[PDB]
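Undergrad: Can you read through this structure? Questions will come right after.
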Amino acid sequence: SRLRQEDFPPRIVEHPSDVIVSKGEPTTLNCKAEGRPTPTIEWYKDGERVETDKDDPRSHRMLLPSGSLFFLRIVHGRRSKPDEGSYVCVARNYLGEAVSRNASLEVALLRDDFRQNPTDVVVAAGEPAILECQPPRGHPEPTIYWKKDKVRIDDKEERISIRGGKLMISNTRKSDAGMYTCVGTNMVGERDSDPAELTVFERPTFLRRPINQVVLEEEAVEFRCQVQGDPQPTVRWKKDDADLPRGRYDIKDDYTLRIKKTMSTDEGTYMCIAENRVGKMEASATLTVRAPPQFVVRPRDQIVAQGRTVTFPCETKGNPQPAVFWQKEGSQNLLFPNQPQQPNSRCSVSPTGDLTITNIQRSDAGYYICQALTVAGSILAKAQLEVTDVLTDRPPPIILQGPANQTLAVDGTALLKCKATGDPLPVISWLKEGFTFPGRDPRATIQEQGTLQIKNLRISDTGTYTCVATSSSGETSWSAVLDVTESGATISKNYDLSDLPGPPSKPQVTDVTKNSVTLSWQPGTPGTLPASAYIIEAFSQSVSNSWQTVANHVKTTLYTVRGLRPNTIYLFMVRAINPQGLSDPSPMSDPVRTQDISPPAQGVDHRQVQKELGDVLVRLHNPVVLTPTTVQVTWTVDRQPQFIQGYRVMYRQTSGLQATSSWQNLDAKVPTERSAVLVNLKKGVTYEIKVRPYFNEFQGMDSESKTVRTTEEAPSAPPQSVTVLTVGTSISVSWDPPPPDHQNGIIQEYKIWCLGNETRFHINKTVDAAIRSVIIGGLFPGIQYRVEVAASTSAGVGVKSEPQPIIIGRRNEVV
Ligand SMILES: *[C@@H]1O[C@H](CO)[C@@H](O[C@@H]2O[C@H](CO)[C@@H](O[C@@H]3O[C@H](CO[C@H]4O[C@H](CO)[C@@H](O)[C@H](O)[C@@H]4O)[C@@H](O)[C@H](O[C@H]4O[C@H](CO)[C@@H](O)[C@H](O)[C@@H]4O)[C@@H]3O)[C@H](O)[C@H]2NC(C)=O)[C@H](O)[C@H]1NC(C)=O
Ligand SMILES: *[C@@H]1O[C@H](CO)[C@@H](O[C@@H]2O[C@H](CO)[C@@H](O)[C@H](O)[C@H]2NC(C)=O)[C@H](O)[C@H]1NC(C)=O
């Protein structure tokens, strides 16, 4: 109470501010006041007076010189909380008081259980992974970071970036797999989260890939395939994108695929497919099967008569399918199937491979050879053709049925039959036990119809009688034994007319060697009793002049007649034996010669025909254009070798729409060709020409390329649809692109004519191709003109389009 006009009541200059601080740690509540006299400061938490170290030297709080309340260590418990509250500093003197603002001191907090614990994540290498986390509640609010396997991880990246609660890695690798914890700190401390693991699976990868293999039929083959990935991928096989037709395939545990028995049909592109959670991956390999060519049917020799038709079969199997082609021994020319010739030759080859010659000439006779040639090898077989004329040789006369063993009583009259055939027609003669008959005795005489007649029988006439047919073509004989006794004409089996089984099937040749020929025939049976066995007669212009037996008592219908003269032609005849006697003779066999087949042999090697076709140099001259739709191409050969089917000539478009694309293919199927005319091509356009000599599936080397363009033709249809804008005086011209084919060449220019109301003034403007729309210059005022656009070419004169007699106005307007 010492008044002075220098003394002023107290003013708090520095106010204490709210603070959160941790237990057991120092802190200072800031306070600073002005006064005169200087004031005494004292603090109040909620209401009560704060006991500093002045009020008791045992206390932990301390009022500073400044006035700030400084705690040494903050004190806090569960029940007694002495420092947690709402502080205010109060400075006073005799003039008055001064209470500060509120400042609350709060003890720091940090719970255990997280608001959101990071959860396990599964990703595929290269993909982004997002881990999220939310720390426990705290005061202050906590802030998080991430540990990988108890190692801090920095966002010092563009792939790694921590944002809010979220952590993300992009382009994940297996480096990133492991335990991830999210750690939330504070000024209390830090709590770790439940660990979330990141698994980084990857797509399947090939360790051992299957490799292409080439293998001969019926062998065994396998393709290996080893994979890797996370998770472990499952392997499966497919062929040509289809599943493997069950059978010879076998899937091993190590995933190897084994084909036990290889087959032309097993060929293809096999592929190994690996698949897990992340997706799939496939790698293929090819299998190729080599089947060397082999004859299914091979041609055998034929003896056939002039003017007929011959067919030599040649069927051929292999891989690739072999191409059949023929050649006449001692002749350079070859014959190929689909190839046509002029309607003047009679040779011709089936797609099957069968060779056929119509209307045979003596000229055609000789050996022929069908040949097969692939990369898998080569084969051939030759067969002989023998042609026969009007009657190069006629067969010797034939006795159908001769006399049978008659047995007649004395004094009677005996007739003996004998049935002949042949060309020329035969003379029938007789013999008795060998000598001439009838000789001297008048009682016996020779009949025309083969029968021999004896009036007035006697004992003296019993014997062996022989019927002999004779022409210029040979002679055959048939003898029987006659018996003449007094009584003996005992009715054992009287005379037979047509009781005898009728002829059998004309004998069909099967196999033939040098001393064998196998025959086939079927029964006949137009007769009486059943046949027991067979008897084969035969003939040869060489070995004999008459018909001989070559096997008797044959109990089959497919017999091999053994032991014959080699390189000899033979004809045959079959008969049936039965108790009644013998059958009539079957018709003659078809001529056959005794030779051993020329067994299949190896042809020329594929490499060596390749080598020949390679060295062939086709010189092309220069394409000569016929019309703008036609070019005749002419080449020449250095030296044409034996093995060549023809020339394959190829051209490509190198102008306008779709240039330098594929080649148009058309080939000359006849090797002696030297010229070819192309069809339906584009006028004006330039084309590149290549000539290649080709064999079968085989191909030679290309000739020097020539390029030549078609002669150019003016268009057939111009662009239409003429539009006229209004000026504001001068007419306008506008058109739509004219058609591609109707262009008839490369567009040159565009000509506009204006022969309108003025028939002694026509406007002429000559632009270029690129031009689309243009306005006309010097136009006569008022006068109504006509507009006629034209497409043009390098020919010149184009084609007029849609006329437009549009009405024009005056000057600088259209009225
Ligand atoms: C007019 O008269 C003549 C004159 O004899 C008679 O022709 C004789 O016919 C027989 C046919 O059997 C021939 O002799 C005998 O051939 C036997 C074959 O047996 C098979 O034939 C029967 C009947 O078809 C079958 O069913 C059976 O399965 C047999 O397979 C052979 O086994 C005998 O031949 C013997 O010949 C001599 C002996 O002379 C021996 O060296 C041999 O080893 C063998 O044993 C059997 O004798 C006979 O060849 C014909 N005679 C002659 C010599 O010309 C007919 O009655 C009639 N004409 C005709 C043309 O048949
Ligand atoms: C400081 O602390 C109080 C809380 O104890 C604050 O809240 C005020 O409460 C009083 C009643 O005690 C009210 O009259 C006010 O309206 C509240 N304040 C405002 C404006 O928010 C207040 O900030 C301070 N109180 C004092 C000393 O006036």
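Order determines the names: the first chain of the structure tokens is A, the second B, and so forth; residues in each chain are numbered 1 upward, and ligands are numbered 1 upward as they are shown.
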Fewer than 4 positions away in the same chain doesn't count, so skip those; otherwise give me all residues within 12 Å of residue A:667, counting only C-alpha atoms, as an NGL selection string.
TA: :A and (339 or 633 or 645-651 or 671 or 673-678 or 690-695 or 699)
Undergrad: Please give me, as a ChimeraX atom specification, the residues lying within 9 Å of ligand 2 when counting only C-alpha atoms and all ligand atoms.
TA: /A:46,86,88,99-103
Undergrad: Considering only C-alpha atoms, return as a short mmCIF file (atom, residue, chain, number, x, y, z; two decimals) with N, CA, C and O atoms, in the first residue's frame whatever protein or nucleic-acid residues lie within 10 Å of stretch 422-427 of chain A, sequence-local ones (same chain, fewer than 6 positions apart) excluded.
TA:
data_model
loop_
_atom_site.label_atom_id
_atom_site.label_comp_id
_atom_site.auth_asym_id
_atom_site.auth_seq_id
_atom_site.Cartn_x
_atom_site.Cartn_y
_atom_site.Cartn_z
N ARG A 394 -0.60 -119.42 -133.96
CA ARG A 394 -1.91 -119.94 -133.62
C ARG A 394 -1.72 -121.19 -132.77
O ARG A 394 -0.69 -121.86 -132.91
N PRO A 395 -2.67 -121.53 -131.85
CA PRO A 395 -2.53 -122.71 -130.99
C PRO A 395 -2.84 -123.98 -131.77
O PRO A 395 -3.64 -123.95 -132.71
N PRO A 396 -2.23 -125.14 -131.43
CA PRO A 396 -2.40 -126.35 -132.24
C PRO A 396 -3.81 -126.91 -132.06
O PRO A 396 -4.44 -126.65 -131.05
N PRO A 397 -4.34 -127.69 -133.04
CA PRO A 397 -5.72 -128.18 -132.98
C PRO A 397 -6.06 -128.89 -131.68
O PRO A 397 -5.19 -129.46 -131.04
N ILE A 398 -7.33 -128.86 -131.28
CA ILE A 398 -7.74 -129.40 -130.00
C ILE A 398 -8.77 -130.50 -130.20
O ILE A 398 -9.70 -130.35 -130.99
N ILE A 399 -8.59 -131.61 -129.48
CA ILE A 399 -9.57 -132.68 -129.46
C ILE A 399 -10.40 -132.50 -128.20
O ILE A 399 -9.90 -132.67 -127.09
N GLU A 448 -16.17 -138.16 -141.29
CA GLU A 448 -15.87 -136.73 -141.30
C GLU A 448 -16.01 -136.20 -139.88
O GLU A 448 -15.04 -135.66 -139.37
N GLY A 450 -15.48 -137.11 -137.17
CA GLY A 450 -14.53 -137.61 -136.19
C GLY A 450 -14.70 -139.10 -135.95
O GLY A 450 -13.74 -139.80 -135.65
N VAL A 468 -6.23 -138.61 -134.69
CA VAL A 468 -5.20 -137.61 -134.86
C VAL A 468 -5.77 -136.44 -135.66
O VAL A 468 -6.11 -136.60 -136.81
N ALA A 469 -5.86 -135.27 -135.03
CA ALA A 469 -6.22 -134.04 -135.70
C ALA A 469 -4.95 -133.28 -136.09
O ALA A 469 -4.08 -133.13 -135.26
N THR A 470 -4.89 -132.81 -137.34
CA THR A 470 -3.70 -132.17 -137.91
C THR A 470 -4.07 -131.00 -138.80
O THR A 470 -4.82 -131.15 -139.76
N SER A 471 -3.47 -129.83 -138.51
CA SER A 471 -3.50 -128.64 -139.35
C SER A 471 -2.08 -128.09 -139.55
O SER A 471 -1.11 -128.75 -139.22
N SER A 472 -1.98 -126.87 -140.08
CA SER A 472 -0.69 -126.23 -140.28
C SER A 472 -0.15 -125.74 -138.95
O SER A 472 1.05 -125.48 -138.84
N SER A 473 -1.03 -125.65 -137.95
CA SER A 473 -0.72 -125.06 -136.66
C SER A 473 -0.28 -126.10 -135.63
O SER A 473 0.10 -125.75 -134.52
N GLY A 474 -0.34 -127.38 -136.00
CA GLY A 474 0.13 -128.44 -135.12
C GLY A 474 -0.72 -129.70 -135.24
O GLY A 474 -1.53 -129.81 -136.16
N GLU A 475 -0.56 -130.63 -134.29
CA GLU A 475 -1.30 -131.89 -134.29
C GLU A 475 -1.45 -132.48 -132.89
O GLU A 475 -0.49 -132.53 -132.13
N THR A 476 -2.66 -132.94 -132.59
CA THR A 476 -2.96 -133.59 -131.33
C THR A 476 -3.55 -134.96 -131.62
O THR A 476 -4.10 -135.18 -132.69
#
Undergrad: Show me, as a list in words, the residues that have an atom within 7 Å of residue A:417 when counting only C-alpha atoms, minus same-chain residues fewer than 6 positions from it.
TA: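 The neighbour list is residues 402, 403, 450, 451 and 452 of chain A.
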Undergrad: With N, CA and C atoms retained, export the selected residues as a PDB file, in the first residue's frame.
TA:
ATOM      1  N   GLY A 402     -12.397-137.474-127.488  1.00  0.00           N
ATOM      2  CA  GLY A 402     -11.993-138.535-128.396  1.00  0.00           C
ATOM      3  C   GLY A 402     -12.733-139.845-128.111  1.00  0.00           C
ATOM      4  N   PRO A 403     -12.374-140.968-128.792  1.00  0.00           N
ATOM      5  CA  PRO A 403     -13.055-142.248-128.564  1.00  0.00           C
ATOM      6  C   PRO A 403     -12.875-142.735-127.128  1.00  0.00           C
ATOM      7  N   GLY A 450     -15.480-137.106-137.174  1.00  0.00           N
ATOM      8  CA  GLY A 450     -14.532-137.611-136.195  1.00  0.00           C
ATOM      9  C   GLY A 450     -14.702-139.105-135.948  1.00  0.00           C
ATOM     10  N   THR A 451     -15.930-139.603-136.090  1.00  0.00           N
ATOM     11  CA  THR A 451     -16.265-140.995-135.817  1.00  0.00           C
ATOM     12  C   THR A 451     -15.508-141.923-136.781  1.00  0.00           C
ATOM     13  N   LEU A 452     -15.082-143.096-136.292  1.00  0.00           N
ATOM     14  CA  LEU A 452     -14.463-144.148-137.087  1.00  0.00           C
ATOM     15  C   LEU A 452     -15.401-145.354-137.048  1.00  0.00           C
TER      16      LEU A 452
END
Undergrad: Can I get the residues close to ligand 1 as JSON, numbers by chain, where close means within 9 Å and we count only C-alpha atoms and all ligand atoms?
TA: {"A": [404, 405, 406, 478, 479, 480, 481, 531, 532, 533, 534, 552, 553, 554, 555, 577, 578, 579, 581, 582]}
Undergrad: Emit the selected residues as a short mmCIF file (atom, residue, chain, number, x, y, z; two decimals), in the first residue's frame, including N, CA, C and O atoms.
TA:
data_model
loop_
_atom_site.label_atom_id
_atom_site.label_comp_id
_atom_site.auth_asym_id
_atom_site.auth_seq_id
_atom_site.Cartn_x
_atom_site.Cartn_y
_atom_site.Cartn_z
N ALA A 404 -13.87 -143.46 -126.61
CA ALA A 404 -13.75 -144.04 -125.28
C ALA A 404 -13.55 -145.55 -125.41
O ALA A 404 -13.66 -146.09 -126.51
N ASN A 405 -13.24 -146.19 -124.28
CA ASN A 405 -12.88 -147.60 -124.25
C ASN A 405 -14.14 -148.43 -124.51
O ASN A 405 -14.77 -148.90 -123.56
N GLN A 406 -14.50 -148.60 -125.79
CA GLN A 406 -15.61 -149.46 -126.19
C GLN A 406 -15.21 -150.93 -126.04
O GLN A 406 -14.03 -151.28 -126.12
N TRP A 478 -5.64 -138.54 -129.74
CA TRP A 478 -6.40 -139.14 -128.66
C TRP A 478 -6.66 -140.61 -128.99
O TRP A 478 -7.30 -140.91 -129.99
N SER A 479 -6.16 -141.51 -128.14
CA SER A 479 -6.28 -142.93 -128.40
C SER A 479 -7.08 -143.63 -127.31
O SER A 479 -7.06 -143.21 -126.15
N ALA A 480 -7.77 -144.71 -127.71
CA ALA A 480 -8.57 -145.55 -126.82
C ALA A 480 -8.31 -147.01 -127.19
O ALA A 480 -7.72 -147.29 -128.23
N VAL A 481 -8.80 -147.90 -126.32
CA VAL A 481 -8.57 -149.34 -126.47
C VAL A 481 -9.91 -150.05 -126.68
O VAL A 481 -10.79 -149.98 -125.82
N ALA A 531 -17.03 -134.60 -109.87
CA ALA A 531 -15.62 -134.59 -110.23
C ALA A 531 -14.77 -134.99 -109.03
O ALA A 531 -15.05 -134.62 -107.90
N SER A 532 -13.70 -135.75 -109.30
CA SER A 532 -12.81 -136.24 -108.26
C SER A 532 -11.48 -135.50 -108.28
O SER A 532 -10.91 -135.23 -107.21
N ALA A 533 -10.96 -135.19 -109.48
CA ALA A 533 -9.68 -134.50 -109.65
C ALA A 533 -9.59 -133.85 -111.03
O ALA A 533 -10.55 -133.89 -111.81
N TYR A 534 -8.43 -133.25 -111.33
CA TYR A 534 -8.25 -132.41 -112.50
C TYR A 534 -6.99 -132.79 -113.28
O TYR A 534 -6.06 -133.37 -112.72
N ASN A 552 -1.54 -134.32 -113.50
CA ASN A 552 -2.73 -135.15 -113.52
C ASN A 552 -3.12 -135.46 -112.08
O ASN A 552 -2.27 -135.41 -111.19
N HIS A 553 -4.41 -135.74 -111.88
CA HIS A 553 -4.96 -136.14 -110.59
C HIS A 553 -4.68 -135.07 -109.54
O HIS A 553 -4.04 -135.34 -108.52
N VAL A 554 -5.17 -133.86 -109.83
CA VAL A 554 -4.99 -132.73 -108.94
C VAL A 554 -6.31 -132.52 -108.21
O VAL A 554 -7.36 -132.48 -108.82
N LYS A 555 -6.21 -132.42 -106.88
CA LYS A 555 -7.37 -132.45 -106.00
C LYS A 555 -7.61 -131.07 -105.39
O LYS A 555 -8.17 -130.95 -104.31
N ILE A 577 -11.73 -134.99 -113.93
CA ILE A 577 -11.79 -136.45 -113.92
C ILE A 577 -12.91 -136.87 -112.98
O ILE A 577 -13.01 -136.39 -111.85
N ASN A 578 -13.74 -137.77 -113.50
CA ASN A 578 -14.86 -138.35 -112.79
C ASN A 578 -15.06 -139.76 -113.35
O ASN A 578 -14.67 -140.06 -114.48
N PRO A 579 -15.65 -140.69 -112.57
CA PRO A 579 -15.85 -142.06 -113.03
C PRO A 579 -16.36 -142.30 -114.45
O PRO A 579 -16.03 -143.32 -115.05
N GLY A 581 -15.55 -140.91 -117.09
CA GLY A 581 -14.55 -140.56 -118.08
C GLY A 581 -13.91 -139.21 -117.78
O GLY A 581 -13.51 -138.93 -116.65
N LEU A 582 -13.81 -138.34 -118.80
CA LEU A 582 -13.16 -137.04 -118.64
C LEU A 582 -14.07 -135.93 -119.16
O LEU A 582 -14.94 -136.17 -120.00
#
Undergrad: Taking only C-alpha atoms into account, name the residue in A:261, A:562, A:298, A:800 that is nearest to residue A:597.
TA: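 Using only C-alpha atoms, residue A:597 sits closest to A:298.
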Undergrad: Restricting the calculation to only C-alpha atoms: of A:586, A:143, A:515, A:371, which residue gets closest to residue A:165?
TA: A:143
Undergrad: Using only C-alpha atoms, which protein or nucleic acid residues come within 10 Å of residue A:348? Drop anything in the same chain fewer than 6 positions from it, and give the result as a ChimeraX atom specification.
TA: /A:311,326,335-341,354-358
Undergrad: For the residues in that selection, give me C-alpha atoms as a compact mmCIF listing (two decimals), in the first residue's frame.
TA:
# COMPACT_ATOMS: atom_id res chain seq x y z
CA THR A 311 -3.11 -101.54 -117.57
CA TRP A 326 6.81 -94.21 -115.45
CA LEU A 335 5.28 -89.96 -117.69
CA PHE A 336 3.49 -88.24 -114.78
CA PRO A 337 -0.18 -88.64 -113.66
CA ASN A 338 -2.40 -85.57 -113.86
CA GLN A 339 -0.24 -84.19 -116.72
CA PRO A 340 -2.27 -84.08 -119.98
CA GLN A 341 -0.97 -84.81 -123.48
CA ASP A 354 -1.60 -97.10 -112.98
CA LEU A 355 -0.21 -96.88 -116.52
CA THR A 356 -2.62 -97.47 -119.38
CA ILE A 357 -1.92 -97.85 -123.09
CA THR A 358 -4.91 -98.03 -125.46
Undergrad: Give me the residues near residue A:626 as a PyMOL selection string, where near means some atom within 9 Å (using only C-alpha atoms) and where sequence neighbours in that chain fewer than 5 positions away do not count.
TA: chain A and resi 631-632+677+710-711
Undergrad: Could you turn the residues from that selection into a file that holds C-alpha atoms, as a PDB file, in the first residue's frame?
TA:
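As a result, out_10.pdb now contains:
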ATOM      1  CA  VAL A 631       1.895 -61.471-121.360  1.00  0.00           C
ATOM      2  CA  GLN A 632       3.753 -64.335-123.063  1.00  0.00           C
ATOM      3  CA  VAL A 677       0.858 -66.972-121.507  1.00  0.00           C
ATOM      4  CA  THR A 710       1.349 -53.966-119.178  1.00  0.00           C
ATOM      5  CA  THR A 711       0.553 -51.476-121.948  1.00  0.00           C
TER       6      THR A 711
END
Undergrad: Extract, using only C-alpha atoms, all DNA, RNA and protein residues at most 7 Å from residue A:373, discarding same-chain residues fewer than 2 positions from it, and format them as a tab-separated table (two decimals) with N, CA and C atoms, in the first residue's frame.
TA:
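Final output, selection21.tsv:
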chain	number	residue	atom	x	y	z
A	322	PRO	N	4.52	-91.14	-101.82
A	322	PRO	CA	5.42	-91.07	-102.97
A	322	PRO	C	4.65	-90.82	-104.26
A	323	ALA	N	5.27	-90.02	-105.14
A	323	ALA	CA	4.70	-89.74	-106.44
A	323	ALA	C	5.19	-90.79	-107.43
A	371	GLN	N	8.30	-95.79	-110.90
A	371	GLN	CA	9.28	-95.32	-109.95
A	371	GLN	C	8.60	-94.41	-108.93
A	377	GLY	N	13.52	-92.16	-99.50
A	377	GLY	CA	14.14	-93.18	-100.34
A	377	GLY	C	13.48	-93.28	-101.71
A	378	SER	N	13.93	-94.24	-102.53
A	378	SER	CA	13.44	-94.42	-103.89
A	378	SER	C	13.32	-95.90	-104.24
A	379	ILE	N	12.29	-96.23	-105.03
A	379	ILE	CA	12.08	-97.59	-105.47
A	379	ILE	C	11.64	-97.56	-106.91
A	606	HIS	N	17.35	-89.21	-103.87
A	606	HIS	CA	16.65	-87.94	-103.89
A	606	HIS	C	17.66	-86.80	-103.91
Undergrad: Quick one: pick out all strand (DSSP E) residues within stretch 195-299 of chain A from a backbone DSSP run and write them as a ChimeraX atom specification.
TA: /A:196-208,213-216,221-223,226-230,234-239,249-251,257-259,268-276,279-297
Undergrad: A:441, A:615, A:301, A:758: which is nearest residue A:596, counting only C-alpha atoms?
TA: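 Checking each of A:441, A:615, A:301, A:758 against residue A:596, counting only C-alpha atoms, the winner is A:301.
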Undergrad: Could you pull out the alpha helix (DSSP H) residues of stretch 441-642 of chain A from DSSP and send them as a list in words?
TA: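 Those in stretch 441-642 of chain A that DSSP calls alpha helix (DSSP H) are residues 606, 607, 608, 609, 610, 611, 612, 613 and 614 of chain A.
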Undergrad: Which residue is closest to residue A:569? Choose from A:26, A:591, A:351, A:210 and count only C-alpha atoms.
TA: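 Ranking A:26, A:591, A:351, A:210 by distance to residue A:569, first place goes to A:591.
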Undergrad: Using only C-alpha atoms, can you tell me which of A:48, A:521, A:624, A:115 comes closest to residue A:85?
TA: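 Of the candidates, the smallest distance to residue A:85 is held by A:48.
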